[PDB]
Amino acid sequence: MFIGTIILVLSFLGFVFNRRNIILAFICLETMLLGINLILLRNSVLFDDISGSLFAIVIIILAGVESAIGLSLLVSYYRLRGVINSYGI
Amino acid sequence: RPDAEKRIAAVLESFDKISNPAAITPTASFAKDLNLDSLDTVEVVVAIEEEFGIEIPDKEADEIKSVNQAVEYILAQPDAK
Amino acid sequence: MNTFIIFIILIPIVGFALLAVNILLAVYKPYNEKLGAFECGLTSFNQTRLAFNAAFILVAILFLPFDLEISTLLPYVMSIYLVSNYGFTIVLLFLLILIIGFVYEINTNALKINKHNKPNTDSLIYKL
Amino acid sequence: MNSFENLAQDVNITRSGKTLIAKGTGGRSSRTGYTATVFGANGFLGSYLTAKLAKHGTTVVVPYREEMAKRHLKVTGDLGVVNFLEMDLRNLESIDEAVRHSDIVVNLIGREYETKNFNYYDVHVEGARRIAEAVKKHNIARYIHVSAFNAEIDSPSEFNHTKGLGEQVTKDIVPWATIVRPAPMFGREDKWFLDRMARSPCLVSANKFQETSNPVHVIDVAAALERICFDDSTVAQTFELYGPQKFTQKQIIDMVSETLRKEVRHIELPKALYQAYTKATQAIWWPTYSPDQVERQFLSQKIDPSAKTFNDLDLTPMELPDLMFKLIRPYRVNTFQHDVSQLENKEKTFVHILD
Amino acid sequence: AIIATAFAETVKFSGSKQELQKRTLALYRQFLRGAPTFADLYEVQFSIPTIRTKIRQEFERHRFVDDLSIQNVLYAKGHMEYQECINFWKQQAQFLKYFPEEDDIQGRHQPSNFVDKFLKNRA
Amino acid sequence: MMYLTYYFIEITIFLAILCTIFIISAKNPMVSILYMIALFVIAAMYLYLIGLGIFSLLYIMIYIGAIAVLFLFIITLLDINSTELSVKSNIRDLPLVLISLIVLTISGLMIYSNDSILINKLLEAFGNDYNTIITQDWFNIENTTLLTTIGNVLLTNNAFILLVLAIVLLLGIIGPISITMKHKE
Ligand SMILES: NC(=O)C1=CN([C@@H]2O[C@H](COP(=O)(O)OP(=O)(O)OC[C@H]3O[C@@H](n4cnc5c(N)ncnc54)[C@H](OP(=O)(O)O)[C@@H]3O)[C@@H](O)[C@H]2O)C=CC1
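Residues numbered from 1 in each chain as written, not as in the entry; some residues may be left out. Chains lettered and ligands numbered in written order. Part of a larger assembly, values for the part shown. Heavy atoms only, no water. Residues with missing side-chain atoms left out of burial classes, pairs and counts.

This entry, as listed in the PDB, derives from cryo-EM and reports a resolution of 2.7 Å.

Structural data, given as structure tokens:
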């Protein structure tokens, strides 16, 4: 509950106030999903419930596919431009 | 125009070989002012192109034969107009 | 304090033993060219990256989905008895749907490296 | 053709009566006729000196302790020019063997730290006395002895005390001896100056970074020694080789970090603590910053005006800021290119992923 | 086929001094433009102005030649050297053959009159 | 000896804050990816702590083993320029950063309780004082673990989401080929 909210909020702030990278944006998205999954699994343990763990493993799969697609899109952007700069997405 | 001739006239006297230290003017011939010989007129255009952060082609660098032609070439915004 | 825990902590906080032995025992008096890197070789301030073929990155991008497929098969092999003849059919449908994408991957030839400087195969025809 | 830039003539007579007729134009296969003995040839200044001597065929005798530290000297000359002898200052036959056949003897022996077997006295005074008595017994024509700057008989630092006492016993035993007083020598693979400034994780000074000296390039000191070797004008004289411009350690560190484009770390913690830390680190076997060095951190260079200088040798030194680039550029990182804006639209025209 | 390298120029002997004039001036331009590359590739301990001074010196060496074919040969060898320098084929050792002035002073006694050379047996 | 391992959840929370700060702060993004890996390690630890080591190992083999690998794979192959964390560039964010930190954290801790009065909604979130009793029953006769039950429900009670995740993975194959590859004809 605490670790997850903290990771989520700090990842959201490091996404919003990123004037540096695009890799940091990717990282902050992945860490946000991590934080949600940790809150989810703590509640799964406390309630003794499987729906939380099911949703968590589904999030793992979906986040993997998200990463794959995002890093294909970045590769198209780089096909055309050749350099991924500090700004301009 | 006052963007560029400032730095042109600066680099022309940065070039030591000019007998004069202050004969540089627009309408100054690179050659028959006798400030320069033929190699120096490539040295000076080289100094100018890497002053303005550019590189001039070969048919326009031979054509830059006086301080008129220099400023009017840099006038095309190749970079650092 | 179990032997598992002892081993898995001990390996990291001891692994630098020979590192320190080597740092303290061995000479260190560098040169410029001993800090160098090669027989010949150089590169001006041209770029920071080389152009790469698509397959080089596509193998990595496709490792993710196939790895997730094979890892999603773990619940099945740990549930195989309890899901008797129903989950079997379900995971077979799963595997077939995921084999369709593999078929697509093969038929597109996405991991193939293509060659630019082709060998000329066109006839020599002389206008008379 | 090559030339004998070190000699003014080709027929040279020594002060002991030997006639030396130079053979050749001045290359590797040439010979000056001279024989020399450089006692600290393994080291920093000695390597350059032996290189300059053997470039023209001066037969250098190199007394050595470690067989492996000397090997780079054999490349400096042709076959039969560089000759090796195993030596210890606790063996007089060694020193006599080293100085027997020589016309020039150069003592460059000195440690900046004390060891189990050699204190500052045993290396700077007694070793100098042993070499000087060999030089007197064999009537060697020229003896050229290097004593560090700011040498003074009674001084705060034991290094300078012992160096001055050496500079006295040499002059008292061998009156025709030349004493060369170099200032802090900088260069490539230097001992404690620039390589140390550029590699050290943190510099320390008991004083402020405020000791002042005129630093000099090691190659120019070697050149001055080369000129002193063949100039018989220089007997019974003293030389203060110090260099053109004055600097503080803080100024030199500022220069180093401006060249290096990296922020050199310095601490400036007190004397009673750093001196004890140094005194403790002498217990390990490898060289470290000695307590007498942090004593010398309070002793700026006092140049003797009665002593000769570079200009008596027709030499004009370099000074540190023009050579700092050459010397420190190996440690320059060169992080990235400048202002990759204005690269976008030109980069757009190239192919970055090949289909 | 066997294709040429990066900065190759087909050997073409001008039949005119006025064309070889333009060719030589272009080569001078190229050397001057490439001097920063010569300082970056070869770890040079001196100025880019010094490199350009040396280029100008070597171009002045053959300034008052009038035989056309000799000038053609000199242009061809100059372009060979440009291709050898800009493409990192030379090493620092061969590049610094052009720069003996930048290395430290070679000893004390460098004769310029008769008696010096006589005492050193160079007259 | 008993309570030497008591604060191992708090230590993970602290280390997670640290690793997020290092992610935001690292100069080279490769270092940011490595700190993301360290954060995954910390999360996997915490998951072992609360009794879900299966998820810890799944995380190690999926996130660190594939996703972080692909991140490193792309930054090794692509030019990703970076502006360093600066005071002339980022200090303007401090007022909004602090306001948002306070607001978002407090709302995230308030959202989990059903009490009507707003201040009490945070005070219940910080009410982690009393321990849970773990009694033992004898009704579970089988050796069913968390992975077995995940498989059971995912292949029987929730077969549809598995057979939809199949199409999600098909996208994961078919999209990147459409975007990265160029078909001849
Ligand atoms: N470098 C500087 O900044 C300054 C140096 N000097 C003096 O000038 C000379 C230059 O030496 P440096 O250039 O510093 O490089 P080194 O000081 O490394 O040269 C040291 C030489 O002394 C020899 N040596 C030391 N102790 C003994 C010993 N007990 N018995 C025999 N040989 C010994 C070493 O032999 P091995 O290599 O076998 O140990 C080495 O050849 C020294 O006299 C030094 O004191 C003066 C002022 C500044």
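Here the narrative resumes, following the displayed structure.
## Focus on the site of the ligand
All names here are of chain D. The condition that has to hold: For this description, a residue counts as near a given molecule or strand if any of its non-hydrogen atoms is within 4 Å of it. Identification of polar contacts relies on pairs of N or O atoms within 3.5 Å, with a donor-acceptor requirement for protein atoms, meaning one able to donate a hydrogen and the other able to accept it, and with residues adjacent in sequence counted only if both atoms are side-chain atoms. Accessibility throughout is a Shrake-Rupley quantity obtained with a 1.4 Å probe, and a residue counts as covered only by protein chains that appear here. Here the nonpolar group is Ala, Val, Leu, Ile, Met, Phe, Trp, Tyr, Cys and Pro; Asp, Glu, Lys and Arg are the charged ones; every other residue, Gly included, is treated as polar.
Taken together, 20 residues surround the ligand, and among them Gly40, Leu45, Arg65, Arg111 and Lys163 come closest. Between the ligand and the protein, one listed contact pairs an oxygen atom with a backbone N or O atom of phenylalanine 44 at 3.4 Å. For the ligand, an oxygen atom lies 3.3 Å from a polar atom in the backbone of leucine 108. Expressed as a share of its isolated accessible area of 870 Å², the protein-covered part of the ligand is 89%. When the residues that make up the shell around the ligand are grouped by side-chain class, the tally is twelve nonpolar, four polar and four charged.

## Comments concerning the interface of chain F and chain A
Basically, it comes down to this: Throughout, a contact is declared for two residues whenever any of their heavy atoms are within 4.5 Å. Two parts placed together each lose some accessible area under a 1.4 Å probe, and adding up what both lose gives the buried area. Here, a salt bridge means any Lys or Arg side-chain nitrogen found within 4 Å of an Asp or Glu carboxyl oxygen. Elements are defined by DSSP. Helices are runs of H or I of four residues or more, strands are runs of E of two residues or more, and each kind is numbered from the N terminus.
With 71 residues of chain F at the interface, the matching set in chain A holds 55 residues. For the pair chain F and chain A, the two sides together bury roughly 5,800 Å², of which 79% comes from carbon and sulfur. Where chain F touches chain A, the interface holds one salt bridge. A salt bridge links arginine 19 of chain A to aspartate 93 of chain F; the nearest nitrogen and oxygen atoms lie 2.7 Å apart. Our count for the chain F to chain A interface comes out at ten residue pairs in polar contact. Mapped onto the side of chain F that touches chain A, the elements with two or more residues apiece are α1 (8–25), α2 (29–49), α3 (53–75), α4 (87–90), α5 (94–110), α7 (146–157) and α8 (159–180) of chain F. With ten residues, the single largest contributor to the side of chain F that touches chain A is α3 of chain F.

## Points about the pairing of strand β4 (residues 59–64) of chain D
In summary, the side chains of a regular strand alternate between the two faces of the sheet. Residue and element names in this part refer to chain D. Filter applied, for reference: The cut-offs for exposure are 20% and 50% of the maximum accessible area for each residue type, with area from a 1.4 Å probe on protein chains only; residues under the lower value are buried, those over the upper are exposed, and the others partly exposed. Strand pairing follows a simple DSSP-based rule, namely that at least 2 bridges must link the two strands. Note on handedness: a clockwise path from strand one over the helix to strand two, with the strands aimed away from the viewer, defines a right-handed crossover.
In terms of residue burial, β4 counts as a mostly covered element, since five of its six residues are buried. Taken together, the three bridges between strand β3 (residues 35–38) and β4 define a ladder with parallel strand orientation. From the neighbouring strand, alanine 36 faces β4, where its bridge partner is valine 60. Chirality of the crossover, the property in question, places the unit of β3, helix α1 (residues 44–54) and β4 among those that are right-handed. Two elements, β4 and strand β5 (residues 82–86), share five bridges in a ladder whose sense is parallel. What sits directly across from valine 61, in β5, is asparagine 83.

## Focus: the environment of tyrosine 42 of chain E
Residues and elements named next belong to chain E. Along the chain, the position of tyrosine 42 falls in the loop between α1 (17–41) and α2 (48–60). The buried category is assigned to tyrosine 42, whose relative accessible area is 1%. With eleven residues separating them along the chain, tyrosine 42 and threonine 53 place their C-alpha atoms 17 Å apart. Looking at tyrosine 42, its side chain comes within polar contact range of the main-chain oxygen of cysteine 85, at 3.1 Å.

## Observations regarding the UniProt feature "transmembrane region" (unreviewed entry) in chain A
Using the following cut-off: UniProt positions are given in the numbering used here, feature names are shortened, and annotations may be inferred rather than shown by experiment.
Sequence positions flagged by UniProt for "transmembrane region" (unreviewed entry) are, in local numbering, residues 21–41 and 53–78 of chain A. Between the C-alpha atoms that bound residues 53–78 of chain A there is a distance of 37 Å. The span itself is 100% helix and 0% strand.

## Regarding the interface of chain C and chain F
Opposite the 41 residues of chain C that make contact, chain F presents 38 residues. Taking both partners together, chain C and chain F bury about 3,500 Å²; carbon and sulfur atoms supply 82% of that area. Where chain C packs against chain F, one counts four residue pairs in polar contact. Counting residues per element, the ones that place at least two in the side of chain C that touches chain F are α3 (54–79) and α4 (87–108) of chain C. Among the elements that take part in the side of chain C that touches chain F, α3 of chain C stands out by supplying 21 residues, more than any other.

## Some points on unusual backbone geometry
All names here are of chain D. We note that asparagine 139 has phi near 55°; this positive angle belongs to a residue other than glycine. Its place among the elements puts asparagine 139 in the loop between α3 (120–137) and β7 (142–146). In the Ramachandran plot, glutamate 268 falls in the positive-phi region, its phi being about 60° despite a non-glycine side chain. Along the chain, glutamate 268 turns up in the loop between α7 (249–260) and α8 (271–281). With relative accessibility at 38%, the residue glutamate 268 sits in the partly exposed group.

## Examining the pairing of strand β12 (residues 238–241) of chain D
Residue and element names in this part refer to chain D. On β12, burial covers both faces: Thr238 and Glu240 on one face and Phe239 and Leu241 on the other are all buried. Across four bridges, the pairing between strand β8 (residues 178–182) and β12 is parallel. Note that in β12 the partner of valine 180 across the bridge is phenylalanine 239.

## Side note on the packing of helix α3 (residues 51–81) of chain A against α3 of chain F
Helix-helix packing is characterised by the crossing angle of the two axes and by the distance between the axes. As a reminder of what qualifies: Note on geometry: axes are lines fitted to C-alpha atoms, helical ones only across the stretch in contact, with angles between N-to-C directions running from 0 to 180 degrees. Our angle categories are set so that under 35 degrees counts as roughly parallel, over 145 as roughly antiparallel, 65 to 115 as roughly perpendicular, and the remainder as oblique.
At a minimum axis separation of 11 Å, α3 of chain A and α3 of chain F run at an interaxial angle of 5°. One element, α3 of chain A, and the other, α3 of chain F, form an angle in the roughly parallel class. Across the interface between the two elements, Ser53, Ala56, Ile57, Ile60, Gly64, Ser67, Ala68, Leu71 and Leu74 of chain A from α3 of chain A touch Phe55, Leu58, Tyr59, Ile62, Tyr63, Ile67, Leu70, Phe71 and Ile74 of chain F from α3 of chain F. Residues belonging to the contact of α3 of chain A with α3 of chain F are distributed by class as follows: 15 nonpolar, three polar and no charged.

## Overview of the sheet that holds β3 of chain D
All names here are of chain D. Taken in spatial order, the seven strands of this open sheet run β5-β4-β3-β6-β7-β8-β12, and their pairing is parallel. Every other strand in the sheet has two partners, leaving β5 and β12 as the edge strands with one partner each. Mean inter-strand twist for the sheet, computed between neighbouring axes without regard to direction, equals 20°. Sheet strands touched by α3: β6 (104–107) and β7. Its angle to β7, the strand with the most contacts, is close to 170°. Taken strand by strand, helix α4 (residues 158–173) contacts β7, β8 and β12, and its axis lies near 170° from that of β7.

## Description of the packing of aromatic side chains
Stated formally: Paired rings are identified among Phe, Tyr and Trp, the last through its six-membered ring, by centres lying within 6.5 Å, and are further divided according to the angle between planes into stacked (under 30 degrees), edge-to-face (over 60) and tilted (the rest). Two thresholds decide whether a charge sits over a ring: the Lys NZ or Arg CZ must be within 6 Å of the ring centre and within 35 degrees of the ring normal.
Here the structure, examined in full by the defined rule, presents 29 aromatic pairs over all chains. An angle of 15° between the planes, with centres 6.1 Å apart, marks the rings of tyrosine 274 of chain D and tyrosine 277 of chain D as stacked. Taken together, the positions of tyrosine 274 of chain D and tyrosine 277 of chain D, both in helix α8 and three residues apart, correspond to about one turn of that helix. Through successive ring pairs, a cluster of aromatic residues spans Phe7, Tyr28, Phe31, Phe38, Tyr42, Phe46, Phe59, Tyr82, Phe88, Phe95 and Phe99 of chain E. Geometry around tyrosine 64 of chain D places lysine 70 of chain D over its ring, the cationic atom sitting 4.9 Å from the centre. In this arrangement the basic side chain of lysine 70 of chain D is found over the ring face of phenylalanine 84 of chain D, its NZ or CZ atom lying 3.9 Å from the centre.

## Remarks on a positive patch on the surface
Let me state the cut-off plainly: Surface patches are defined over residues having more than 30% relative accessible area and no salt bridge, joining like charges when they lie within 9 Å and nonpolar side chains (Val, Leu, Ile, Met, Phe, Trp, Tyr) when within 5 Å. By the counting rule applied here, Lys and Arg register as positive and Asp and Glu as negative, while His and the ends of each chain are not counted. Here the site of a charge means atom NZ of a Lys, CZ of an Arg, CG of an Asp or CD of a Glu.
A cluster of like positive charges, contributed by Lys29 and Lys34 of chain C together with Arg65, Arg111 and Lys191 of chain D, occupies part of the molecular surface. Tracing the chain through its elements places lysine 29 of chain C in the loop between α2 (17–25) and β1 (52–53). Residue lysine 29 of chain C is classed as exposed on the basis of its relative accessible area of 55%.

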